[PDB]
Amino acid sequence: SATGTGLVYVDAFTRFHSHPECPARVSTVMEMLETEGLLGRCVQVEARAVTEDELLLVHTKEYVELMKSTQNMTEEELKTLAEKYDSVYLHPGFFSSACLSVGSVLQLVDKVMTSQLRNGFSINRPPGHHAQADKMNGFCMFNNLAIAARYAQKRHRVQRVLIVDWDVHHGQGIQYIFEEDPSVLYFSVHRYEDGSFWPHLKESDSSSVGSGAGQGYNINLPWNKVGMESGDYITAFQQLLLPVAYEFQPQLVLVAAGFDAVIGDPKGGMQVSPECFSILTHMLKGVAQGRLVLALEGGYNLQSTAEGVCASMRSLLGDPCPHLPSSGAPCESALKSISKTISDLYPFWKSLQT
């Protein structure tokens, strides 16, 4: 029986930066983890730099070289290149941080799949779930979890990987990468508002269920109203994700754990209590024998994000689930979105058919 919860963090995550995506995100998460006495209960795991071969599992050779050459670029060359991407800034140390950010999750995948640890959480920036095979996007250079997913498949002989994205933003990067791939199931719960919320993509609706052999293995649930709560996410997990999850039977679960959906986040617009992420985390522990790795994505209110991380951490540590301040009943708008997605993937999953 594997035991212990891995925690990867290195000061290098704070060496690149009004802007919402800042080193303050990660530094104050670690501080709240300590003062809550959660940090000392984790097994501290070293970070490592991702190798080129590992990056090439997801990203193109030309893109990797362009990103590597950003190290020596002038702040005007970084200005030029970054302007050709959607919502992306560049920094001389972005490449190093991005490399250590990916490797941090690979470190945790190794420990969980070799049963040295039960589960893990990398407090890493830059985030990844928006990054694509040949381009930067949404403050992401490399796709942390996509790389980790195929890494586990190659190195640790994993057949099926489930990726859960509860960040308020749609991880179109992950969706694009495994679009035709049935070995990796992608689930994304995100604010959409019929395309008026960033990234403003039609591919972010529940209509996109994948293509080819990957049909049915891509699941988007789009909120079309702000102010969603814990009762909405829990109902969404209970009626959609988890039925599919147990039918899918993954051997590793990766979580794009952004916390911009927590109450008080300026960007998300939702009202999800921090304690809700303790429940969602706990649900996912019943899948893949608890083999569960979380990686930081979004979240822009420093205290709310820190609370979300702590709440997720307690469940990783096997602490009792917390009391929920909000109602257990979901709203009508949430039910509409859940119904629509279920209807869109109905013929692909037996468990959805009632």
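Start at 1 with the first residue shown and count on from there.
Asker: How much of the deposited sequence is absent from the coordinates between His17 and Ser18: none, 1 to 3, 4 to 9, or 10 or more residues?
Answerer: Unresolved stretch here: 4 to 9 residues.
Asker: Tell me which stretch has the larger mean Cα B-factor in this entry, 292 to 300 or 63 to 71.
Answerer: So the stretch with the higher mean C-alpha B-factor is 63 to 71.
Asker: According to the deposited model, is the average Cα temperature factor higher in 161 to 169 or in 202 to 210?
Answerer: Looking at the recorded C-alpha B-factors, 202 to 210 comes out higher on average.
Asker: Can you tell me which of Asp232, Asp86, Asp110, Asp260 has the highest Cα temperature factor in the record?
Answerer: By C-alpha B-factor in the record, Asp86 ranks first.
Asker: Sort the modelled residues of this chain by their C-alpha B factor and say whether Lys267 lands in the lowest, middle or highest third.
Answerer: Its C-alpha B-factor, which the entry lists for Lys267, ranks in the highest third among residues of this chain.
Asker: In terms of the CA temperature factor given in the entry, to which third of its chain does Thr80 belong: lowest, middle or highest?
Answerer: Within its chain, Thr80 is a highest-third residue by C-alpha B-factor, going by the deposited values.
Asker: C-alpha B factor of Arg41, ranked within the chain: lowest, middle or highest third?
Answerer: Middle third.
Asker: Going by the CA temperature factor in the PDB record, which third of the chain does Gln132 belong to: lowest, middle or highest?
Answerer: Its C-alpha B-factor belongs to the lowest third of this chain's values.
Asker: What third of the chain, by the recorded C-alpha B-factor, contains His190?
Answerer: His190: CA B-factor falls in the lowest third of its chain.
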